[PDB]
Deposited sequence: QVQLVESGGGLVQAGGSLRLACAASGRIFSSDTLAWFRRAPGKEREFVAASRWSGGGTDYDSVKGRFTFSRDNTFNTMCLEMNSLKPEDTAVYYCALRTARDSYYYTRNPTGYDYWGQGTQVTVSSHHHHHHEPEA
């Protein structure tokens, strides 16, 4: 039971509700009308992962104290334009961190 709302360049998402330290939060991008694409992911304690295209330009940051997180577009370009989604995956069914958007069960509203 968590509700994710993202605003926003530096996007930032706040997730109301209890977030256990073993949950893994990810940012996805949806291209204009084909399918969602992976952008980034990280647990609530460390060990972040990034996409092949997005490597070193976008930095993942989490507050860990106010249940908020942010993404920095330090090298944004018109090439990577999409609708950004923030998702939670609980380790309630499996601890296997996956790159599949189907595995994530809590989603925020799309931005931009």
Could you give the ranges of the deposited sequence that carry no C-alpha coordinates? 9-17, 122-136
